[PDB]
>>> print(open('coords.cif').read())   # mmCIF, N, CA and C atoms
data_final
loop_
_atom_site.label_atom_id
_atom_site.label_comp_id
_atom_site.auth_asym_id
_atom_site.auth_seq_id
_atom_site.Cartn_x
_atom_site.Cartn_y
_atom_site.Cartn_z
N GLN A 723 20.13 15.13 -20.14
CA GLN A 723 19.45 16.39 -20.09
C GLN A 723 18.08 16.18 -20.66
N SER A 724 17.99 15.35 -21.69
CA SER A 724 16.73 14.99 -22.27
C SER A 724 15.96 14.25 -21.23
N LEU A 725 16.61 13.36 -20.48
CA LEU A 725 15.89 12.63 -19.49
C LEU A 725 15.38 13.62 -18.49
N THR A 726 16.15 14.63 -18.13
CA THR A 726 15.60 15.59 -17.18
C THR A 726 14.36 16.22 -17.78
N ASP A 727 14.41 16.61 -19.04
CA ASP A 727 13.23 17.21 -19.64
C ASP A 727 12.07 16.21 -19.68
N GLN A 728 12.36 14.90 -19.83
CA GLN A 728 11.34 13.85 -19.85
C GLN A 728 10.73 13.80 -18.47
N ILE A 729 11.66 13.98 -17.54
CA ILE A 729 11.32 13.67 -16.19
C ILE A 729 10.38 14.74 -15.75
N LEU A 730 10.73 15.97 -16.06
CA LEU A 730 9.87 17.04 -15.69
C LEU A 730 8.54 16.95 -16.41
N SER A 731 8.54 16.56 -17.69
CA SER A 731 7.30 16.47 -18.43
C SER A 731 6.42 15.44 -17.83
N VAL A 732 7.01 14.31 -17.49
CA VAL A 732 6.18 13.25 -16.98
C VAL A 732 5.68 13.61 -15.60
N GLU A 733 6.49 14.31 -14.81
CA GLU A 733 6.05 14.74 -13.51
C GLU A 733 4.84 15.64 -13.63
N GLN A 734 4.80 16.47 -14.67
CA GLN A 734 3.64 17.32 -14.85
C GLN A 734 2.43 16.44 -15.25
N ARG A 735 2.68 15.33 -15.96
CA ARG A 735 1.57 14.47 -16.36
C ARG A 735 1.05 13.72 -15.14
N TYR A 736 1.94 13.44 -14.22
CA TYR A 736 1.57 12.74 -13.01
C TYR A 736 0.70 13.69 -12.21
N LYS A 737 1.03 14.96 -12.23
CA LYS A 737 0.17 15.87 -11.52
C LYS A 737 -1.21 15.86 -12.09
N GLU A 738 -1.36 15.82 -13.41
CA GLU A 738 -2.72 15.84 -13.91
C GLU A 738 -3.57 14.74 -13.33
N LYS A 739 -3.07 13.51 -13.30
CA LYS A 739 -3.94 12.47 -12.77
C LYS A 739 -4.24 12.74 -11.30
N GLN A 740 -3.33 13.43 -10.63
CA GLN A 740 -3.56 13.75 -9.27
C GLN A 740 -4.39 15.01 -9.06
N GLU A 741 -4.50 15.89 -10.06
CA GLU A 741 -5.40 17.02 -9.92
C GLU A 741 -6.78 16.45 -9.98
N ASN A 742 -6.93 15.43 -10.83
CA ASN A 742 -8.22 14.81 -11.03
C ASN A 742 -8.63 14.19 -9.73
N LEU A 743 -7.66 13.63 -9.02
CA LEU A 743 -7.91 13.06 -7.73
C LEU A 743 -8.27 14.09 -6.70
N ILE A 744 -7.54 15.20 -6.65
CA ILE A 744 -7.87 16.16 -5.63
C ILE A 744 -9.24 16.71 -5.89
N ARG A 745 -9.53 17.08 -7.13
CA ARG A 745 -10.84 17.59 -7.41
C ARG A 745 -11.88 16.53 -7.14
N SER A 746 -11.60 15.28 -7.44
CA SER A 746 -12.58 14.27 -7.14
C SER A 746 -12.90 14.29 -5.65
N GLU A 747 -11.88 14.33 -4.79
CA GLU A 747 -12.15 14.35 -3.37
C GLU A 747 -12.79 15.62 -2.86
N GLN A 748 -12.31 16.76 -3.34
CA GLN A 748 -12.79 18.03 -2.86
C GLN A 748 -14.20 18.31 -3.29
N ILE A 749 -14.49 17.98 -4.54
CA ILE A 749 -15.78 18.24 -5.07
C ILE A 749 -16.73 17.31 -4.37
N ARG A 750 -16.35 16.04 -4.22
CA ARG A 750 -17.19 15.07 -3.56
C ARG A 750 -17.55 15.41 -2.15
N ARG A 751 -16.61 15.92 -1.36
CA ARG A 751 -17.05 16.23 -0.03
C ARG A 751 -18.06 17.35 -0.09
N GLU A 752 -17.85 18.34 -0.95
CA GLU A 752 -18.83 19.39 -0.98
C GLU A 752 -20.16 18.83 -1.48
N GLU A 753 -20.14 17.93 -2.45
CA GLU A 753 -21.39 17.38 -2.94
C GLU A 753 -22.20 16.72 -1.85
N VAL A 754 -21.54 15.99 -0.96
CA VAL A 754 -22.22 15.36 0.15
C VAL A 754 -22.77 16.38 1.10
N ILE A 755 -22.00 17.41 1.37
CA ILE A 755 -22.44 18.45 2.27
C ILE A 755 -23.67 19.12 1.73
N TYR A 756 -23.72 19.36 0.44
CA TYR A 756 -24.86 20.07 -0.05
C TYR A 756 -25.91 19.15 -0.64
N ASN A 757 -25.66 17.88 -0.36
CA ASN A 757 -26.82 17.03 -0.30
C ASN A 757 -27.40 17.14 1.09
N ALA A 758 -26.55 17.24 2.11
CA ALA A 758 -27.05 17.37 3.47
C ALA A 758 -27.86 18.65 3.59
N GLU A 759 -27.47 19.69 2.84
CA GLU A 759 -28.18 20.96 2.90
C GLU A 759 -29.52 20.90 2.16
N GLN A 760 -29.84 19.77 1.56
CA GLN A 760 -31.15 19.60 0.97
C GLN A 760 -32.15 19.57 2.07
N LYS A 761 -31.70 19.29 3.27
CA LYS A 761 -32.61 19.22 4.35
C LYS A 761 -32.88 20.61 4.85
N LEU A 762 -32.12 21.61 4.38
CA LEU A 762 -32.42 22.99 4.71
C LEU A 762 -33.69 23.22 3.95
N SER A 763 -33.70 22.72 2.70
CA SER A 763 -34.84 22.79 1.79
C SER A 763 -36.00 21.88 2.23
N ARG A 764 -35.72 20.76 2.89
CA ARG A 764 -36.83 19.96 3.41
C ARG A 764 -37.39 20.74 4.58
N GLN A 765 -36.55 21.43 5.28
CA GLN A 765 -37.00 22.29 6.33
C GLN A 765 -37.62 23.55 5.75
N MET A 766 -37.36 23.72 4.44
CA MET A 766 -38.29 24.59 3.73
C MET A 766 -39.60 23.89 3.38
N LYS A 767 -39.63 22.55 3.26
CA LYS A 767 -40.92 21.86 3.09
C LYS A 767 -41.69 22.30 4.30
N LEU A 768 -40.99 22.47 5.40
CA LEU A 768 -41.56 23.01 6.59
C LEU A 768 -42.31 24.30 6.31
N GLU A 769 -41.77 25.19 5.48
CA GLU A 769 -42.46 26.44 5.17
C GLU A 769 -43.75 26.04 4.52
N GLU A 770 -43.66 25.03 3.65
CA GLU A 770 -44.83 24.54 2.98
C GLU A 770 -45.81 24.02 4.01
#
>>> encode(input="coords.cif", output="structure tokens")
Amino acid sequence: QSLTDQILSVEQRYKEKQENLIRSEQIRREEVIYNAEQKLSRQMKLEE
């Protein structure tokens, strides 16, 4: 029963390293996209 409690605890710890992974991937794709949107702003250089 303790092992079950261990097991669940560790499973939650495994999720943490994987939340870090999901956020790493999700945040990163958006970061690339809104680096791409810098060209919206270069096309604002156009306004300039």
>>> atom_distance(input="coords.cif", atom1="atom N of residue 743 (chain A)", atom2="atom N of residue 724 (chain A)")
28.7 Å
>>> atom_distance(input="coords.cif", atom1="CA of residue 733 (chain A)", atom2="atom N of residue 749 (chain A)")
22.6 Å
>>> atom_distance(input="coords.cif", atom1="CA of residue 757 (chain A)", atom2="atom N of residue 739 (chain A)")
27.3 Å
